[PDB]
Amino acid sequence: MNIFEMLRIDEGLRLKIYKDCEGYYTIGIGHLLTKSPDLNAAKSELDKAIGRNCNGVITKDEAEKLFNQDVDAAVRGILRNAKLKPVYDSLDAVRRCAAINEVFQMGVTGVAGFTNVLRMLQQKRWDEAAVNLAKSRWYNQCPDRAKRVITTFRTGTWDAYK
Ligand SMILES: [Ca+2]
Ligand SMILES: [Cl-]
């Protein structure tokens with residue numbers, strides 16, 4: 001069990017544009033195209049990400065390339081954020097996966113705004129963080145995509161994915 005298998009399970013796989021639990025336009029393994037309300041703007045974003053006229057549909061290899069790019073962006077996003085990085089570096093191995101997963105889903109900006117959760121995580125207050133994350137818009141809006149992540153922050157094990 002690793003970050004890639006963990007996100008695969010949480011985000012699954014869709015080969016045609018859809019609206020995720022936040023209501024935004026998306027394809028592959030949780031690849032967000034745009035926050036614009038316009039399907040056609042998302043449609044361009046897709047051809048642009050892939051390098052061909054798609055059309056709203058992609059292959060498995062292409063989804064996995066996108067997936068790898070998106071994991072990579074999520075880790076880079078953490079390390080370049082002055083708020084996330086020191087909290088990330090205090091975390092043990094398994095919790096770091098939960099942290100990458102949380103950013104992959106929520107984006108850097110969303111995660112970094114949960115100021116107190118970040119402090120609870122840094123002080124290793126696992127129970128409180130998980131309670132305060134279980135209140136978030138993310139959890140209520142995206143409960144099945146979030147549940148295993150939140151449980152993982154509490155326990156620091158992989159049991160939620162087994
Ligand atoms: Ca690391
Ligand atoms: Cl969900």
# chains A, B, ... in the order shown; residues from 1 in each chain; ligands from 1

call {"tool": "residues_near_ligand", "arguments": {"ligand": "ligand 1", "cutoff": "12 Å", "atoms": "only C-alpha atoms and all ligand atoms", "output": "list in words"}}
result
residues 2, 3, 71, 72, 74, 75, 76, 78, 79, 85, 86, 87, 88, 89, 90, 91, 92, 93, 94, 95, 96, 97, 98, 99 and 100 of chain A

call {"tool": "select_by_dssp", "arguments": {"residues": "chain A", "states": "alpha helix (DSSP H)", "output": "PyMOL selection string"}}
result
chain A and resi 3-11+39-50+60-79+85-90+93-106+108-113+115-122+126-133+137-141+143-155

call {"tool": "closest_residue", "arguments": {"among": "A:70, A:11, A:47, A:5", "to": "ligand 2", "atoms": "only C-alpha atoms and all ligand atoms"}}
result
A:11

call {"tool": "closest_residue", "arguments": {"among": "A:9, A:63, A:160, A:33", "to": "ligand 2", "atoms": "only C-alpha atoms and all ligand atoms"}}
result
A:9

call {"tool": "residues_near_ligand", "arguments": {"ligand": "ligand 2", "cutoff": "7 Å", "atoms": "only C-alpha atoms and all ligand atoms", "output": "PyMOL selection string"}}
result
chain A and resi 21+141-146

call {"tool": "atom_distance", "arguments": {"atom1": "CA of residue 161 in chain A", "atom2": "CA of residue 133 in chain A"}}
result
18.4 Å

call {"tool": "closest_residue", "arguments": {"among": "A:154, A:65, A:77, A:26", "to": "residue 125 in chain A", "atoms": "only C-alpha atoms"}}
result
A:154

call {"tool": "select_by_dssp", "arguments": {"residues": "chain A", "states": "strand (DSSP E or B)", "output": "VMD selection string"}}
result
chain A and resid 14 to 19 25 to 28 31 to 34 57

call {"tool": "write_last_selection", "arguments": {"atoms": "N, CA, C and O atoms", "output": "PDB file, in the first residue's frame"}}
result
ATOM      1  N   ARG A  14     -12.459   7.352 -14.000  1.00  0.00           N
ATOM      2  CA  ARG A  14     -13.496   7.741 -14.961  1.00  0.00           C
ATOM      3  C   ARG A  14     -12.773   8.219 -16.231  1.00  0.00           C
ATOM      4  O   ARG A  14     -11.832   9.018 -16.152  1.00  0.00           O
ATOM      5  N   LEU A  15     -13.202   7.748 -17.397  1.00  0.00           N
ATOM      6  CA  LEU A  15     -12.557   8.155 -18.653  1.00  0.00           C
ATOM      7  C   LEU A  15     -13.394   9.168 -19.446  1.00  0.00           C
ATOM      8  O   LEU A  15     -13.102   9.425 -20.592  1.00  0.00           O
ATOM      9  N   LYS A  16     -14.416   9.745 -18.821  1.00  0.00           N
ATOM     10  CA  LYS A  16     -15.154  10.859 -19.409  1.00  0.00           C
ATOM     11  C   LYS A  16     -15.439  11.952 -18.369  1.00  0.00           C
ATOM     12  O   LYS A  16     -15.786  11.668 -17.214  1.00  0.00           O
ATOM     13  N   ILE A  17     -15.288  13.187 -18.771  1.00  0.00           N
ATOM     14  CA  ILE A  17     -15.519  14.306 -17.907  1.00  0.00           C
ATOM     15  C   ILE A  17     -16.721  14.122 -17.004  1.00  0.00           C
ATOM     16  O   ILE A  17     -17.761  13.751 -17.481  1.00  0.00           O
ATOM     17  N   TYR A  18     -16.573  14.397 -15.709  1.00  0.00           N
ATOM     18  CA  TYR A  18     -17.714  14.479 -14.771  1.00  0.00           C
ATOM     19  C   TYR A  18     -17.606  15.640 -13.745  1.00  0.00           C
ATOM     20  O   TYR A  18     -16.567  16.341 -13.672  1.00  0.00           O
ATOM     21  N   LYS A  19     -18.688  15.851 -12.984  1.00  0.00           N
ATOM     22  CA  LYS A  19     -18.667  16.778 -11.837  1.00  0.00           C
ATOM     23  C   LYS A  19     -18.480  16.021 -10.523  1.00  0.00           C
ATOM     24  O   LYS A  19     -19.279  15.157 -10.149  1.00  0.00           O
ATOM     25  N   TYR A  25     -15.469  20.147 -12.711  1.00  0.00           N
ATOM     26  CA  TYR A  25     -15.226  19.281 -13.897  1.00  0.00           C
ATOM     27  C   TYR A  25     -13.886  18.500 -13.808  1.00  0.00           C
ATOM     28  O   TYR A  25     -12.852  19.122 -13.528  1.00  0.00           O
ATOM     29  N   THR A  26     -13.911  17.185 -14.104  1.00  0.00           N
ATOM     30  CA  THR A  26     -12.878  16.187 -13.676  1.00  0.00           C
ATOM     31  C   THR A  26     -12.848  14.956 -14.606  1.00  0.00           C
ATOM     32  O   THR A  26     -13.868  14.627 -15.195  1.00  0.00           O
ATOM     33  N   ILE A  27     -11.670  14.301 -14.723  1.00  0.00           N
ATOM     34  CA  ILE A  27     -11.450  13.025 -15.494  1.00  0.00           C
ATOM     35  C   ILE A  27     -10.287  12.158 -14.888  1.00  0.00           C
ATOM     36  O   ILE A  27      -9.558  12.645 -14.012  1.00  0.00           O
ATOM     37  N   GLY A  28     -10.088  10.920 -15.372  1.00  0.00           N
ATOM     38  CA  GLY A  28      -9.054  10.018 -14.847  1.00  0.00           C
ATOM     39  C   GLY A  28      -9.197   9.650 -13.350  1.00  0.00           C
ATOM     40  O   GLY A  28     -10.297   9.291 -12.889  1.00  0.00           O
ATOM     41  N   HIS A  31      -8.512  13.901 -11.645  1.00  0.00           N
ATOM     42  CA  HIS A  31      -7.875  15.055 -12.310  1.00  0.00           C
ATOM     43  C   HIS A  31      -8.858  16.216 -12.563  1.00  0.00           C
ATOM     44  O   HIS A  31      -9.709  16.136 -13.438  1.00  0.00           O
ATOM     45  N   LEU A  32      -8.749  17.277 -11.763  1.00  0.00           N
ATOM     46  CA  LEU A  32      -9.570  18.473 -11.939  1.00  0.00           C
ATOM     47  C   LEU A  32      -9.195  19.224 -13.232  1.00  0.00           C
ATOM     48  O   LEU A  32      -8.056  19.598 -13.440  1.00  0.00           O
ATOM     49  N   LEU A  33     -10.162  19.453 -14.101  1.00  0.00           N
ATOM     50  CA  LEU A  33      -9.901  20.249 -15.318  1.00  0.00           C
ATOM     51  C   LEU A  33     -10.009  21.752 -15.103  1.00  0.00           C
ATOM     52  O   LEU A  33      -9.140  22.512 -15.535  1.00  0.00           O
ATOM     53  N   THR A  34     -11.092  22.178 -14.446  1.00  0.00           N
ATOM     54  CA  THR A  34     -11.368  23.596 -14.203  1.00  0.00           C
ATOM     55  C   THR A  34     -12.416  23.790 -13.118  1.00  0.00           C
ATOM     56  O   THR A  34     -13.274  22.910 -12.893  1.00  0.00           O
ATOM     57  N   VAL A  57     -12.890  12.097 -23.684  1.00  0.00           N
ATOM     58  CA  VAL A  57     -12.543  10.708 -23.378  1.00  0.00           C
ATOM     59  C   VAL A  57     -11.034  10.474 -23.506  1.00  0.00           C
ATOM     60  O   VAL A  57     -10.420  10.977 -24.415  1.00  0.00           O
TER      61      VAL A  57
END

call {"tool": "decode", "arguments": {"residues": "range 18-97 of chain A", "atoms": "C-alpha atoms", "output": "short mmCIF file (atom, residue, chain, number, x, y, z; two decimals), in the first residue's frame"}}
result
data_model
loop_
_atom_site.label_atom_id
_atom_site.label_comp_id
_atom_site.auth_asym_id
_atom_site.auth_seq_id
_atom_site.Cartn_x
_atom_site.Cartn_y
_atom_site.Cartn_z
CA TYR A 18 -17.71 14.48 -14.77
CA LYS A 19 -18.67 16.78 -11.84
CA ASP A 20 -17.08 15.70 -8.59
CA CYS A 21 -18.52 16.03 -5.06
CA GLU A 22 -17.52 19.73 -5.02
CA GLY A 23 -19.33 20.19 -8.34
CA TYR A 24 -16.23 20.80 -10.49
CA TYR A 25 -15.23 19.28 -13.90
CA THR A 26 -12.88 16.19 -13.68
CA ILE A 27 -11.45 13.03 -15.49
CA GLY A 28 -9.05 10.02 -14.85
CA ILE A 29 -8.04 9.51 -11.20
CA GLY A 30 -9.43 12.74 -9.70
CA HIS A 31 -7.88 15.05 -12.31
CA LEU A 32 -9.57 18.47 -11.94
CA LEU A 33 -9.90 20.25 -15.32
CA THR A 34 -11.37 23.60 -14.20
CA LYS A 35 -13.41 25.41 -11.57
CA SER A 36 -15.24 27.29 -14.38
CA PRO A 37 -18.99 26.48 -14.75
CA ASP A 38 -18.39 26.00 -18.53
CA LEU A 39 -18.06 22.37 -19.81
CA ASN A 40 -16.42 23.70 -22.98
CA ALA A 41 -13.66 25.46 -20.99
CA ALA A 42 -13.00 22.13 -19.24
CA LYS A 43 -13.09 20.43 -22.66
CA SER A 44 -10.28 22.65 -23.93
CA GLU A 45 -8.31 22.08 -20.72
CA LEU A 46 -8.40 18.35 -21.40
CA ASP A 47 -7.16 18.51 -25.01
CA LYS A 48 -4.55 20.92 -23.69
CA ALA A 49 -3.46 18.55 -20.88
CA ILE A 50 -3.32 15.55 -23.24
CA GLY A 51 -2.04 17.06 -26.52
CA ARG A 52 -4.86 15.91 -28.81
CA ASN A 53 -8.62 16.36 -29.51
CA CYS A 54 -9.96 13.86 -26.99
CA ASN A 55 -13.03 14.21 -27.13
CA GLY A 56 -14.01 14.25 -23.44
CA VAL A 57 -12.54 10.71 -23.38
CA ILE A 58 -9.00 9.43 -22.61
CA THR A 59 -7.03 6.14 -22.44
CA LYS A 60 -5.66 4.33 -19.35
CA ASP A 61 -2.03 5.15 -20.06
CA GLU A 62 -2.99 8.81 -20.44
CA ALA A 63 -4.96 8.81 -17.15
CA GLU A 64 -1.96 7.30 -15.40
CA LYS A 65 0.41 9.89 -16.87
CA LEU A 66 -2.02 12.59 -15.66
CA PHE A 67 -2.22 10.75 -12.34
CA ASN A 68 1.54 10.70 -11.91
CA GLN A 69 1.73 14.41 -12.84
CA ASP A 70 -0.96 15.22 -10.28
CA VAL A 71 0.72 13.24 -7.43
CA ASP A 72 3.96 15.03 -8.25
CA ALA A 73 2.21 18.48 -8.22
CA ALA A 74 0.57 17.68 -4.86
CA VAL A 75 3.95 16.78 -3.24
CA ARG A 76 5.69 19.86 -4.81
CA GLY A 77 2.73 21.97 -3.71
CA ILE A 78 3.25 20.84 -0.09
CA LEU A 79 6.97 21.40 -0.05
CA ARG A 80 6.72 24.92 -1.49
CA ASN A 81 4.02 25.99 0.99
CA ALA A 82 5.52 27.57 4.14
CA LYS A 83 2.44 26.46 6.14
CA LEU A 84 2.28 22.85 4.97
CA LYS A 85 5.94 21.96 4.71
CA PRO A 86 6.89 22.05 8.42
CA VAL A 87 3.66 20.21 9.33
CA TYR A 88 4.32 17.64 6.63
CA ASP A 89 7.89 17.07 7.73
CA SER A 90 6.81 16.31 11.33
CA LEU A 91 4.44 13.57 10.15
CA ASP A 92 5.31 9.88 10.10
CA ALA A 93 5.41 7.93 6.81
CA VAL A 94 1.73 6.88 6.70
CA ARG A 95 0.29 10.22 7.76
CA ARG A 96 2.37 11.89 5.02
CA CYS A 97 0.36 9.76 2.51
#
